[PDB]
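Take a look at the letters that make up each chain.
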Amino acid sequence: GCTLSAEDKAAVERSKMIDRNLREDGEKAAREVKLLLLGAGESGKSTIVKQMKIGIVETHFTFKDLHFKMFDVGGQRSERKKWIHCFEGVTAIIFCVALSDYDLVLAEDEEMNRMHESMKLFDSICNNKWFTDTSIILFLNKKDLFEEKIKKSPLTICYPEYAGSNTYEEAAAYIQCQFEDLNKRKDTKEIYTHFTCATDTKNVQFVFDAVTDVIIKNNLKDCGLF
Amino acid sequence: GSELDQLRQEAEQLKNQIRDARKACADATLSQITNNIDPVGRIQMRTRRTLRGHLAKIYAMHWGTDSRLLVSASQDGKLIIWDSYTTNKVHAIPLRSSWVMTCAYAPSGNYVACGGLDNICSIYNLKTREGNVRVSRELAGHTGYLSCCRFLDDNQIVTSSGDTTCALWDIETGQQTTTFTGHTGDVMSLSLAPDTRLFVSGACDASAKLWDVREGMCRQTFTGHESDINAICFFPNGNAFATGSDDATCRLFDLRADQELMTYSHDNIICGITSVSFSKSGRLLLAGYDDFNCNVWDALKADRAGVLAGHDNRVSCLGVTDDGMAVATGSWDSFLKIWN
Amino acid sequence: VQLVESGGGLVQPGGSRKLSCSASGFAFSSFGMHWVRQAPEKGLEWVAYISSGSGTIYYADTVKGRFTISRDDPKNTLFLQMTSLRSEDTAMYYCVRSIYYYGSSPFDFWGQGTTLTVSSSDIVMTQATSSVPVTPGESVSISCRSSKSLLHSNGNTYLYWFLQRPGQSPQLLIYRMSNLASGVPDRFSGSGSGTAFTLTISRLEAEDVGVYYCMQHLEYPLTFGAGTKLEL
Amino acid sequence: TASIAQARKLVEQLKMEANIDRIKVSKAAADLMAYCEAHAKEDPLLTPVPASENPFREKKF
Amino acid sequence: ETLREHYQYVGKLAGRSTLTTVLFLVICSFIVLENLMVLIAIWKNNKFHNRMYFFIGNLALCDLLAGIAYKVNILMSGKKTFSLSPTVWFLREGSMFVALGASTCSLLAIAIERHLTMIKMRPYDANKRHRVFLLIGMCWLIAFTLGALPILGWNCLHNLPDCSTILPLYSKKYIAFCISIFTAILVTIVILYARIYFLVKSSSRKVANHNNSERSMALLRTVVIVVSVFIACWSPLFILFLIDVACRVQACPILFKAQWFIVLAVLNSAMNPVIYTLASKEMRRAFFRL
Ligand SMILES: CCCCCCCCc1ccc(CC[C@](N)(CO)COP(=O)(O)O)cc1
């Protein structure tokens, strides 16, 4: 206040007030979890967002004094290599795939099935340069119909090189290991796996545990203890 | 069918004729003309100011019309209008969609436009009798993420979107008055001409289109790049424009002659240009590479003349004042930096 | 946008009174607040000033240390309390609104004003002219005089030409000596370098008759000048 | 059968883009040269103005 | 002549080999050069978005001051005991107490910061800077207050029996207070480091992967190494201090070899930057990169 006038001082006061407001607003959004939701076709994204319901669709919910915020971006239909860096700082990446959708085929080509597409998308998401150390939460949805579709029809159509007992457990284990083998890091990234349940509580608790593990790992790396 | 084959043959032979026509007039190179003049000296700029206060990546900035104010957009949902002389935060506006990729300042100084990743473009009134800032008009109708938007007049704005189509609107009513279609790839940026009668827009298909505002049909097409084009601006003369692409290359294209004037690239740089802007006299091209620091190119000799290495992350936006005394460089480290 | 003031009246020589103004139609939580005192049949003078967010508070040296200004933000209300009323404290008060940022127009709304009667170094602002007879259709020019240089180091020139009409509260014509306010015609003009300043009107009408004042804002206190009268 | 309509639109655009006049690159270079040299003096970035009238010079603080 | 009488009463004056002091000076040179290198490496970087950097710098500074002060002690100390006034002697001992206190009140501060960072489930940093400066100022103030305490009232210059054998002008109550503060700091550090591992293991048990299983068993190793190295250097010196408090004058010959333990405390300044900086991936990369 040596050279400033009677009006410049009030401008400085206004700037300080704006700075204080920004500081108090920029710390109330640093305690929220940013989950980027992905999927493919009829995997069950709508059912899943209904299971934990309160361009881009933003959903906000709460669970045990923790606020989660999810970005469904399925309605973008744009080149994903031009807007994917905006989600670089997401905590986890929820991924949704239906395991009872192995015998159907896409409308684009008769040979192209609807299961290899999910594997290609997972490979394109689990090996992204912007998500080197970003965890993934894999989901298998609609397992009720999978047993009925597998008891009459063997899964040799999708996996001809699979020698199993044509049972639910072995087929599910083979699908899970094939999906998890697409991971190329195995050290920085930690892929989770789950089977959807009828009740919402199991899925919500699984997401809570996964994000808690990710948060604690990030904290351990933050404080130089590891 | 025979009709499809003959139509494809006709299109191919028109393409050949257009290539021959554009090659016929390419008689001399731009190097032979500017290689005799005195090169500009090394451009030593220092960070006079430092505009801290953002708490997220910075995606767009636009210099004001009086060359004293500027507006910056962040991913924390903040639009901030500063005072560049004394580092005063003149206004702070909270947004509804935090995923904004562009912003614009009205030439009169009364309105500010913002939008991105939401298919909607919002206009905000600065000179309000209530003393606050409020939204005055929301424009919707695009099916892709908004890339750029520029004010044509007090009641006219033109926006490019990720749905390969651009649109010129009417703020009073809110309905599109012109729709520009013909792009194959995603449109990433537009720039209004000084005379405010034409504009160029570059797309992810490595092509740019110069349009006509009054009529509303594609007038000229420019090609020659190899990847996505992330920045476009006119020369201050108004009869040229420079594009910057992801293959570590900028190019200068003239409107009268549809060839390539010069290319700006270097072997040691393998990064993509994120922003392009000119100086008041058109002798300084300031392309912001995403290799953690900006760069300064002599827009007439293709060689460098200085480096604005003061950022610790990707630089995304870059502007120049109307009278050309200051240059600002916004980056993902949430720090603006006015140079001089 | 409107300000409603209340609290004045007839008081004894011993007693404390508070003047309260309520604001509606804008964002009171971001407007600096002033008070202005005007003696009956005489000129006007500044009282106090409180900034946004109750940051700093100033006072007039005349009754410095006896006034108490308070701002209630949630209710958009301002109070000014006075305790030991002398004989000079009989006058009528305005509560102007103000916002300070680059390009703003401070001293834009003057409220209405309320009257209070008491039962029985600083740059000087003066205008030599006191009355000018005039017929509509001809230009009028008035001059205002200072005792220092009003041009600050930044480049501004703090002088606010304002207009008062009989039974009508003052309104802003010129702020920072050069620019015009909002809601007034382009008939008025003002420009003056250094110490002498002038206000000019091109084509008189029946509404321009009244008193004209100049005020300075280079530093504190805010000393007003003697008004000049235009009669029909 | 909308493909032939799209091809019609494309060939119409080709018709519109193939009927413009061009000039030698030497004149398009001389125009930029003249514009650059004419307004060089009013460009502070090219040749910095003296520090007396710089508005962004840092003060004591 | 007071110092001579005190030495005679204690017994150091009775009858009062350069390899020992040469080896001491060599160890001190080692610790000071490595601590200066660590401090200059921290100063070389400028990305202070992590609040751990200030704590590491403060610990390095405290260790450097300890090294320099004990340089002064060992150089001035051997035969200048009688020829110099008591005031320089007092300054010398006050510097020792201030310094070790800098080194040890830095570990308490860093343990507090680690325990309070690893207890709040914050997905992103809130950028709070009050705590770091508060803790640095608090530890420096505590060290300065504890170093100069005796020269403002606590001495044995007028009471021969009521002061120690290791230092004939230091009352027993001051050494008892030092013992109390040292054991309090040790217990607090142990309790702070014996909860982070429990929390991490309990959280990683719910979802069992290979990464979690190796993370738990590496955090356990890190915590055990930190605690064991911190204890193994400071424990014998304070064991000697407590036995001296229990022992009387002209009784325990071992008190004449106390120097052999002090260098061990010096050795603790030889391992703090080795563990707190070179036993973590981020700091290791930041140090070996430049
Ligand atoms: C956290 C509490 C800190 C305790 C740190 C322990 C330091 C105690 C200490 C004792 C003695 C000395 C130096 C001893 C001389 N002071 C130097 O040798 C004794 O020898 P001379 O008097 O015969 O010369 C230094 C520190």
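For this deposition, the record names cryo-EM as the technique by which the model was determined and cites 3.1 Å as its resolution.

Draft legend 1. Spatial organisation of the pattern of salt bridges. Applying the stated criterion across every chain yields a total of 34 salt bridges over all chains. Two residues, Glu-58 of chain D and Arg-49 of chain B, come together in a salt bridge whose shortest N-O distance is 2.7 Å. Here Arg-49 of chain B lies in the loop between α2 (31–34) and β1 (51–52) and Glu-58 of chain D lies in the segment after α2 (25–38), a pairing that spans two chains. When its relative accessible area of 46% is taken as the criterion, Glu-58 of chain D is described as partly exposed.

Draft legend 2. Seen up close, a negative patch on the surface. Residue and element names in this part refer to chain A. Where like charges cluster on the molecular surface, the negative patch consists of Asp-144, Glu-147, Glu-148, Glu-169 and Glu-170. If you list the elements that add at least two residues to the negative patch, you get α4 (144–152) and α5 (168–180). Of the residues forming the negative patch, the biggest block, 3 residues, is contributed by α4. Along the polypeptide, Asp-144 turns up in helix α4.

Draft legend 3. The arrangement of the state of the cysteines in detail. Residues and elements named next belong to chain B. Following the criterion strictly, the structure yields 3 disulfides over all chains and no others. Numbered by position along the chain, the disulfide-linked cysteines of chain E connect as 1-2, 3-4. Unpaired in terms of disulfides, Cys-317 finds its nearest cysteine sulfur in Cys-103, a separation of 7.4 Å. Classification of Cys-317 by relative accessible area gives buried; the value is 4%.

Draft legend 4. View of the arrangement of the chains. Here 6 pairs of chains are in contact, and chains B and D lead that list by number of contacts. With no contact formed, the shortest span from any C-alpha in chain C to any C-alpha in chain E equals 23 Å. Between chain D and chain E there is no contact; the minimum C-alpha to C-alpha separation amounts to 23 Å.

Draft legend 5. Representation of helix α1 (residues 8–25) of chain A in the model. In this model α1 of chain A runs 25 Å from its N-terminal to its C-terminal C-alpha over 18 residues, within 8% of the 26 Å that 1.5 Å per residue would give. Taken together, the buried positions of α1 of chain A are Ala-10, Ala-11, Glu-13, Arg-14, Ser-15, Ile-18 and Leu-22 of chain A.

Draft legend 6. Looking closely at the nonpolar core. Ranked by internal contacts, the top residues of the largest apolar core, which has 50 residues, are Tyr-193 and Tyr-276 of chain E. It is helix α6 (residues 172–206) of chain E that contributes the most residues to this core, 10 residues altogether. Of all hydrophobic cores here, the second largest spans 44 residues; its members include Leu-99, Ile-125, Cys-126 and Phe-179 of chain A.

Draft legend 7. Looking closely at the UniProt feature "repeat: WD" in chain B. Residue and element names in this part refer to chain B. The sites that carry the UniProt feature "repeat: WD" are, in the present numbering, residues 46–94, 95–140, 141–181, 182–223, 224–267, 268–309 and 310–340. Helix makes up 0% of residues 46–94 and strand 55%, whereas the separation of the span's terminal C-alpha atoms amounts to 31 Å. In this annotation, residues 268–309 is assigned 0% helix and 24% strand; the end-to-end C-alpha distance for the span is 16 Å.

Draft legend 8. Spatial organisation of the interface of chain D and chain B. Taken together, the contact pairs 37 residues of chain D with 54 residues of chain B. Summing the contributions of chain D and of chain B, the shared interface buries around 4100 Å²; its carbon and sulfur component is 69%. Its largest share of buried area at the contact with chain B, chain D owes to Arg-22, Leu-45 and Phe-56 of chain D, together 22% of the area lost on that side. Salt-bridge contacts for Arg-22 of chain D lead to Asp-258 of chain B; the nearest nitrogen and oxygen are separated by 3.3 Å. At the boundary of chain D and chain B, one finds 12 residue pairs in polar contact. For the side of chain D that touches chain B, the secondary structure elements donating two or more residues are α1 (2–17) and α2 of chain D.

Draft legend 9. Geometry of the sheet that holds strand β26 (residues 315–320) of chain B. Residues and elements named next belong to chain B. Spatially, the 3 strands line up as an open sheet ordered β26-β27-β29, and their pairing is antiparallel. One side of each edge strand has no neighbouring strand; the edge strands of this open sheet are β26 and β29 (338–339). Examined bridge by bridge, strand β27 (residues 327–331) and β29 share 2 bridges and lie antiparallel to one another. Each residue of the ladder has a partner; that of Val-327, found in β29, is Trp-339.

Calculation notes
Residues numbered from 1 in each chain as written, not as in the entry; some residues may be left out. Chains lettered and ligands numbered in written order. Heavy atoms only, no water. Residues with missing side-chain atoms left out of burial classes, pairs and counts. Salt bridge = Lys/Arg side-chain N within 4 Å of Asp/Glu carboxyl O. Helix = DSSP H or I, 4+ residues; strand = E, 2+ residues; numbered from the N terminus. Buried < 20%, exposed > 50% of the residue type's maximum accessible area, 1.4 Å probe, protein only. Patch = residues over 30% accessible without salt bridge, like charges linked within 9 Å, V, L, I, M, F, W, Y side chains within 5 Å. Areas by Shrake-Rupley, 256 points an atom, 1.4 Å probe, with all protein chains shown as cover. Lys, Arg positive; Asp, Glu negative; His and termini not counted. Charge placed at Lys NZ, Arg CZ, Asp CG, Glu CD. Disulfide = S-S within 2.5 Å. Contact = heavy atoms within 4.5 Å. Expected span 1.5 Å × (residues − 1). Core = buried A, V, L, I, M, F, W, Y, C linked by side-chain atoms within 4.5 Å. UniProt positions renumbered as here; feature names shortened; annotations may be inferred. Buried area = accessible area lost by both parts, 1.4 Å probe. Polar contact = N/O pair within 3.5 Å; in protein donor to acceptor, adjacent residues only side chain to side chain. Pairing = 2+ DSSP bridges.

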